[PDB]
């Protein structure tokens, strides 16, 4: 009996072949981009389902259209599992992305021209928290706080002073390159002092929140946004949570009809699955291992003479300052790409280089942790990177790095049931 994949090979061999090549690419490199992960077979199965065919504008049991009996059930399972996982009174699982989740919150709380305050984009703030190239900075007045030049982490007394001076309507916490625990109770105290709304955008750390390895913002903030991918290891999509169920209804209307049309019900089924996985003990152990792995990589890089911004990490990621090897982030990113390692350049706090150049490399553990790597495997990764960056013109080092990458990939197969290679025998 024919599968959907059989149909794809028969009718579009070009796309079929390129998809096979992308699986092989995933298998044969070290994925160290801190926002990346490998979602489950079960999640992928939902995304490949007939749920793509249902229009389901509205909410479970309050749809514009009939025929949503089963979409409602699936969406309500997603909602209910999200509420369970994050201890939340309200969840909206329809946002197409983290950007769209944030946008729906802005549409609810703000009007164009209102002032928002988030982390400086060069200190780990997100594009959607006030970049001039994003709607958040183009149609709102974005101001910023950064980290302490001394500690390279947040100084809550300084944030309070900035907030008192700027008087934002919305304060945003949660970041894309911040390696330490965020104190949501201190953010609440600050927001209350200046009469601001408080959003925690926990996209990067949501799996750590879900597993109890990071404090949960939900009881403290007005609203919490996240992606369903990243550390939560779900399908690509967004999520809005809030402790306030009446406010939750307002966010609902801002998602639809405020921001979006019909939701992606196949992706929402994937969200339900991913939340279901995160409710299990295996995921809690996984999240523990993510942190341990990131800490092991950071420590070995320190042992190899690199500076880690803030001196280490409490989460899944780290920023490597590249002064010790006299390289820009851009150069370092290219050099590790050339040995089959994916990372990305990142400004360090108080970087003297442009954002186009940077002095940092951002690394994270989630993706390779999903493939089963342990702390000593991550110390090996640290050594491969240090070798490459310390000897960038040495071709024999380059090939040793290539070989050591290949050995790690061979030891930790990815999705081995899919397009399995021809047996050696």
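Numbering follows the first chain given and starts at 1.
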- Task: Could you settle it for me: does 231-239 or 132-140 have the higher average Cα B factor in the PDB entry?
- Result: 132-140
- The stretch carrying the higher mean Cα B factor in the deposited entry, 413-421 or 400-408, is 413-421
- Note on the structure: From 274, 147, 291, 205, the top C-alpha temperature factor is at 147
- Task: Name the residue from 296, 189, 209, 79 with the greatest C-alpha temperature factor listed in the entry.
- Result: 189
- Ranked against its chain, the third holding the CA B-factor of residue 346: highest
- Task: Comparing against every modelled residue in the chain, figure out the third that the C-alpha B-factor of residue 287 lands in (lowest, middle or highest).
- Result: lowest
- Item | residue 71 CA temperature factor, ranked by third within the chain | highest
- If you rank the chain by CA B-factor, which third does residue 86 end up in: lowest, middle or highest? lowest
- Task: Compare the C-alpha B factor of residue 165 with those of the other modelled residues in its chain, then answer lowest, middle or highest third.
- Result: highest
